[PDB]
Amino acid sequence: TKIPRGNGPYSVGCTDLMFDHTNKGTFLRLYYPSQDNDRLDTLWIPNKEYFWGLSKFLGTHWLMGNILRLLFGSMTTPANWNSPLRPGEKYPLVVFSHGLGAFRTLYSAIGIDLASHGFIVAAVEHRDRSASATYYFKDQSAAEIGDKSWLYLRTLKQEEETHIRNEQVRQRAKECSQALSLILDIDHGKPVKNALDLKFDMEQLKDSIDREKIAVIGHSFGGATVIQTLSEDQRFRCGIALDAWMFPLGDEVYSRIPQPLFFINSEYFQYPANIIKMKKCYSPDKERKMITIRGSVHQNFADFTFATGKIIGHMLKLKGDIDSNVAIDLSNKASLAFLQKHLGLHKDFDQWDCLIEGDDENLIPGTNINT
């Protein structure tokens, strides 16, 4: 309800796609330009098990599962559920990676605005036990009955945290790459039965993708995922990391990324040892940009920043000094400028080229971290 609508000229539709039905299959939330704009009725957090997951992730016990569920379980996100895809054009494609303790639906402000500008967006649900919860189906008949098998976030011991996070960011890359393949193959006529039954007939996606214009975007853990993904998959033509958390990356990725890469940071999350990994990505033969959003906290990139009031927002570290709507607008617009330059879109997004440069009252070029 407080989650912002898309600022762009397209109406936006949302749906979910699972294929195959297994735990090794692809799971994504799709945002896309809808043909019609009949009602904004997409449920934001669609299953109790996520409120269970959040609670477990956040430190809380069981009751907070229910309190969070009672507070939010009905909240909508401004997209037309299962609305038909708008026809007659090929859309550039974004694949989006959520952060630690998140899942596919918690970045709709980004997803939706992006779609309102001519993007199809596939927000993937990671099955590396980095999501709070996720689910899949043990067999085809389970999928048919809606007999979901749930997978909750894994917590790690110190000794564990270097091998595991990296094993995880490798899986996340394979999952971004795989979702890309799912879509691309649908785009070229591969018949697919969605493991979920939904009004939206997946066949509409046929011949609807501009295959030269793919980008990968993610937040935090998802930002590290952007960098691994580009590393291994040149179908992704540029990436955008929203406050990347660089710890899961091996030292080998830095020399391996040729595509242009964009760092959008928050002022209050970054720390020098994180930043120095970002600087390791810079090379005169490569395009790396970096802006910092002033007054912004880590959470400014996800949807819970528009879910509480100004006071409690700041208490829960969900909101910062900057306005949540002013922030996400800067990030979204800075992104559209960047996506236009390196995918060679023919739109008016260059009108925010300055936001790539930090030319704003609320933007800092580079980073506040002096080194």
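Residue positions are given as counts along the sequence shown, with the first one as 1.
A.B. asks: Identify the stretch, either 280 to 288 or 239 to 247, whose C-alpha atoms have the larger mean B-factor according to the entry.
C.D. replies: Between 239 to 247 and 280 to 288, it is 280 to 288 that shows the higher mean C-alpha B-factor.
A.B. asks: Between 20 to 28 and 357 to 365, which has the higher average C-alpha B-factor in the PDB entry?
C.D. replies: Between 357 to 365 and 20 to 28, it is 357 to 365 that shows the higher mean C-alpha B-factor.
A.B. asks: Just the C-alpha B-factor column, please: which of 43, 343, 302, 312 has the biggest number?
C.D. replies: By C-alpha B-factor in the record, 312 ranks first.
A.B. asks: Compare the C-alpha B factor of residue 293 with those of the other modelled residues in its chain, then answer lowest, middle or highest third.
C.D. replies: Its C-alpha B-factor, which the entry lists for residue 293, ranks in the highest third among residues of this chain.
A.B. asks: Within this chain, which third does the Cα B-factor at residue 161 fall in: lowest, middle or highest?
C.D. replies: Tercile = highest for this residue's CA B-factor.
A.B. asks: Ranked by Cα temperature factor within the chain, is residue 134 in the lowest third, the middle third or the highest third?
C.D. replies: Middle third.
A.B. asks: Ordered by C-alpha B-factor within the chain, which third holds residue 219? Give me lowest, middle or highest, please.
C.D. replies: Lowest third - that is where residue 219 ends up once the chain's C-alpha B-factors are sorted.
A.B. asks: Would the CA B-factor of residue 98 place it in the lowest, middle or highest third of its chain?
C.D. replies: Bottom third by C-alpha B-factor.
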